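Okay, so here's just one chain, in structure tokens, the form deposited in one PDB entry.
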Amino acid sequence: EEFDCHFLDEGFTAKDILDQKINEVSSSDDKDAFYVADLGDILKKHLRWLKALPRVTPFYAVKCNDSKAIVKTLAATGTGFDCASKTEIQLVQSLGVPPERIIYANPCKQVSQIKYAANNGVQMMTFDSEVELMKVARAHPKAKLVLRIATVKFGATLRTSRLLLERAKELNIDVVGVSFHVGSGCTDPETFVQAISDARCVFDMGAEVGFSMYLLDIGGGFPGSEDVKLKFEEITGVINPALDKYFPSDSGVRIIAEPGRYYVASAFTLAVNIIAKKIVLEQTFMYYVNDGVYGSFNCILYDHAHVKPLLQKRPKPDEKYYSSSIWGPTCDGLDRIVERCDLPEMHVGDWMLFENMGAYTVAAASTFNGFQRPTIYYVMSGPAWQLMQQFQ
């Protein structure tokens, strides 16, 4: 290891360790925000993934949570990986994942990075512009391209798709298939069905001009926590049919997905410390915690997260709540975590909990104002590690 990985004893859960670690610090000082990353919770998710989409190989979107522990755990399990930069590819390879288990999914790759990928055995890439294709002919002509269709920054339409395939023929580049991305703000499950239906169409378009296409990549956008309206399995209910319909297994197709938030969202809890307080007329409170929209909560901007503040201190049986807002630690007037919420009067020194903080949080945090990335404590149960061995 080059990471703080600890084994949970018999009856201990992740949240118990969190509860423990905040307690075993209350002497002295230094009540810096920290994560508890339950690697078990990631296994659970992989396993559950195998159950739900048993046709669909998952290729973890590294971008989502780039942490070495997450990728090493996942690697051990036998997931594929979705990399979008040379540096993502290097990470994965430096954990001994072979290239066959990587898809360079970024549709607009800087040429030197295409070059990097080519000098390292990464054959499968994604595209959706004619220019992209010209790049690939120059930099990686043996590459296996996946055409990325629309469902906006990325996604070729069907008219372009026809023109791309032709332009890819005159170029002698192999198009092994089609990829779409639904997006996390996915309300309708129908969207999947529609997109699979369009992909089946491009597969047909593609055979018409002699492409022997064998790959369907269904993107990501699967939820990572139970605390959403449209649940994971509900989505897989309308996919398996649509897949069996347009992509029956006797057609020798191979189906993959790019899940990110799905694996890691719930796996991480964030304990931040109330470090200052203001009373406004004792009617409403403003609390200042030591992580902001420039740190872990950057997601309330970039990823459109809604965060729910949880009390680490088990609440009293009826206690009088007040209108409270939570703020980040920076000199930025706009660094505000919760605009309005309902809370017991709390105190400087009290810790707040933030559940489901794995996805698109630490990965896009910057140390603006000089504030440090919170320290991450990896934990894994006895059972969990057994299960990670079976996958080896």
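The term rigid core refers to the most C-alpha atoms you can superpose between the two forms while keeping them within 1.5 Å. Residues carry their position along the shown sequence, with the first being 1.
This protein has a second form, the form deposited in another entry, left out of what is shown; the following refers to that one.
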>> After superposing on the rigid core, which residue out of 245, 142, 159, 304 has its C-alpha displaced by 2 Å or more between the shown form and the other one?
In response: 304
>> Checking residue 332 here: with the core superposed, does its CA move 2 Å or more between the shown form and the other one?
In response: yes
> Once you compare with this form, do the C-alpha atoms of residue 303 and residue 77 lie closer or farther in the other form, given a change of 3 Å or more?
Replying inline: farther
> Are residue 371 and residue 65 closer or farther apart at the Cα level in the other form than shown, by 3 Å or more?
Replying inline: closer
